[PDB]
Amino acid sequence: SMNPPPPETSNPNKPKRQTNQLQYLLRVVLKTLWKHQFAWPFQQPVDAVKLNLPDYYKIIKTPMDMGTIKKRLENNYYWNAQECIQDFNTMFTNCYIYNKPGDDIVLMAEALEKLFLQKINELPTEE
Ligand SMILES: CCOc1cc(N2CCC(O)CC2)ccc1Nc1ncc2c(n1)N(C)c1ccccc1C(=O)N2C
């Protein structure tokens, strides 16, 4: 159940550069998901020690959570919006491939993913 080090959230040697899409991902997508009543399991990395999940990080090879994504967006870690979208997708995929369907945590992920996909439908165009 040992936990990996937390993912990196800052890149000390990349330029500070926004795009309209990255602004949208932070100020619309992340903001909306973060305040949802079902966000709390996803606001920090899975703690396999405290949740007693010895197999979690043997099955989940790319851990991801919204706290990491939030910090990455705030620190301008991503070079483009697609890297951020992939992190969201990884977070949901991890939940769905580890947990049993109908588990409460899967229902929570499904509700958050619906909101995520609706907001991504309105992602502004590259510019
Ligand atoms: C920072 C606080 O974190 C928690 C507190 C409590 N508590 C608070 C108080 C109550 O009275 C007692 C339970 C329960 C869970 C979490 N966290 C948490 N993080 C990640 C996961 C998750 N739960 N669930 C539920 C999972 C369960 C099994 C296998 C995988 C997962 C999973 O995929 N995710 C995303």
Side-chain angles (χ1 to χ4, degrees), residues 1-19 21-127:
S1 39
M2 200 53 237
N3 296 324
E8 296 291 317
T9 60
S10 197
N11 179 343
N13 293 315
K14 80 174 277 291
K16 294 288 159 168
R17 187 170 300 143
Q18 292 292 338
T19 69
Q21 290 187 331
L22 283 169
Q23 293 276 25
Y24 183 87
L25 284 163
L26 177 52
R27 306 188 55 110
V28 174
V29 179
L30 187 286
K31 179 182 179 298
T32 296
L33 298 172
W34 191 264
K35 63 180 175 72
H36 194 276
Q37 68 191 351
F38 293 158
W40 59 270
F42 305 98
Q43 289 178 335
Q44 60 287 307
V46 170
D47 188 333
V49 177
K50 293 216 283 191
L51 300 181
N52 198 20
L53 305 171
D55 45 14
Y56 183 83
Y57 286 111
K58 305 201 171 193
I59 293 159
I60 297 309
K61 300 185 171 47
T62 305
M64 188 49 57
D65 64 284
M66 208 155 52
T68 298
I69 294 165
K70 177 176 188 167
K71 291 169 183 181
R72 284 177 173 191
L73 286 164
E74 293 170 346
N75 292 329
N76 197 235
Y77 176 90
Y78 301 112
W79 294 80
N80 60 66
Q82 287 302 323
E83 297 183 288
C84 179
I85 291 162
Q86 184 50 58
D87 276 354
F88 276 108
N89 285 329
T90 293
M91 179 185 72
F92 291 122
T93 296
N94 292 343
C95 187
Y96 296 144
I97 66 176
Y98 183 84
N99 296 288
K100 298 176 297 181
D103 288 352
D104 195 50
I105 185 70
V106 171
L107 304 173
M108 295 175 80
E110 289 175 329
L112 295 169
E113 190 188 17
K114 278 195 170 191
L115 295 183
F116 172 73
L117 293 173
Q118 178 170 27
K119 296 297 190 179
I120 294 301
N121 287 344
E122 189 218 344
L123 187 73
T125 282
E126 304 188 348
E127 46 73 34

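Below, each value reflects all heavy atoms present in this structure, side chains not excepted, and no hydrogens, waters or symmetry copies. For this chain, numbers begin at 1 and follow the sequence in order.
Under a hydrophobic-cluster definition in which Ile, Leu, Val, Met, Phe, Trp and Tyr are linked whenever side-chain heavy atoms come within less than 4.5 Å, directly or via other members, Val29 and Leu117 are assigned to the same cluster. When the side chains of ILVMFWY residues are joined at heavy-atom separations under 4.5 Å, either directly or via intervening members, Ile85 and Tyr96 end up in a single hydrophobic cluster. No continuous path of ILVMFWY side-chain contacts below 4.5 Å connects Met66 to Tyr56, so the two sit in separate hydrophobic clusters. In the hydrophobic clustering of this structure, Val28 groups with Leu112; members are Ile, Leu, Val, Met, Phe, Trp, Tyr whose side-chain heavy atoms approach within less than 4.5 Å, directly or through other members. Residues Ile59 and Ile105 fall into different hydrophobic clusters, defined by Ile, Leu, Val, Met, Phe, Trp and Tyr side chains chained together at heavy-atom separations under 4.5 Å.
Without hydrogens or angle criteria, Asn80 side chain to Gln82 main chain gives a donor-acceptor distance under 3.5 Å. In this structure, the side chain of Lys114 does not engage the main chain of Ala109 through any donor-acceptor pair within 3.5 Å. Looking only at distances, a side-chain donor or acceptor of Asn94 sits under 3.5 Å from a matching main-chain atom of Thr62. Within the 3.5 Å criterion, the main-chain N or O of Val106 finds no donor-acceptor partner in the side chain of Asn99. Under the 3.5 Å distance criterion, the side-chain polar atoms of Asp65 are matched with a main-chain donor or acceptor of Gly67. Judged by distance alone, with hydrogens and angles left aside, the side-chain atoms of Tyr57 form no donor-acceptor pair with the main-chain N or O of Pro63 at under 3.5 Å. Side-chain atoms of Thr93 come within 3.5 Å of backbone atoms of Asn89 as a donor-acceptor pair (strictly under, hydrogens ignored).
Remark: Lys14 NZ is packed, more than 12 non-hydrogen atoms of other residues, nucleotides or ligands lying under 6.0 Å away.
Heavy-atom minimum distance, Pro124 versus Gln21: O-NE2, 2.7 Å. Considering every non-hydrogen atom in both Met64 and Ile69, the closest pair reads SD-CG1, 3.9 Å. Across every non-hydrogen atom of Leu26 and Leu30, the tightest pair is O-CB, 3.6 Å. Of all non-hydrogen atoms in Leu33 and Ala39, the two that sit nearest each other are O-CB, 3.2 Å. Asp87 approaches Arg72 most closely through the heavy-atom pair OD2-NH1, 2.8 Å.
The line from CG of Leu25 to CG of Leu123 is 6.0 Å long, rounded to the nearest 0.5 Å. With values rounded to the nearest 0.5 angstrom, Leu73 atom CG is found 4.0 Å from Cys84 atom SG. Between the CG atom in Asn76 and the CZ atom in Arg17 there is a gap of 9.0 Å [rounded to 0.5 Å]. Expressed to the nearest 0.5 Å, how far CD of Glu113 lies from CZ of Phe88 amounts to 11.5 Å. Between the NZ atom of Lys31 and the NZ atom of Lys70 there is a distance of 10.5 Å, given to the nearest 0.5 Å.
Taking the side chain as every heavy atom from C-beta outward, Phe38 and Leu107 never approach each other to under 4.5 Å. Between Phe116 and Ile120 the shortest side-chain heavy-atom distance falls below 4.5 Å. No side-chain heavy atom of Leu115 sits under 4.5 Å from any side-chain heavy atom of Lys119. Here the side chains of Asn75 and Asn11 are not in contact, with every heavy-atom distance at 4.5 Å or above.
Looking at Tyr77 and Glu83, their side chains never bring a donor and an acceptor atom within 3.5 Å of each other.
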Enumerate, atom names and distances included, each donor-acceptor pair closer than 3.5 Å involving a side-chain atom of residues 40-50, sequence neighbours excluded.
{"from": "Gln43", "atom 1": "NE2", "to": "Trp34", "atom 2": "O", "distance (Å)": "3.2"}
{"from": "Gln44", "atom 1": "NE2", "to": "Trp40", "atom 2": "O", "distance (Å)": "2.8"}
{"from": "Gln44", "atom 1": "NE2", "to": "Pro41", "atom 2": "O", "distance (Å)": "3.4"}
{"from": "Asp47", "atom 1": "OD1", "to": "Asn3", "atom 2": "ND2", "distance (Å)": "2.9"}
{"from": "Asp47", "atom 1": "OD1", "to": "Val49", "atom 2": "N", "distance (Å)": "3.1"}
{"from": "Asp47", "atom 1": "OD1", "to": "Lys50", "atom 2": "N", "distance (Å)": "3.0"}

Under the side-chain contact (heavy atoms from CB on, under 4.5 Å) criterion, do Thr32 and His36 qualify, and how do the steps go?
CA-CA 7 Å; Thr32 296; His36 194 276; over 6 Å; no
Criterion side-chain contact (heavy atoms from CB on, under 4.5 Å) on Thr19 and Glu127, from CA distance to verdict:
CA-CA 7 Å; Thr19 69; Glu127 46 73 34; 3.7 Å; yes
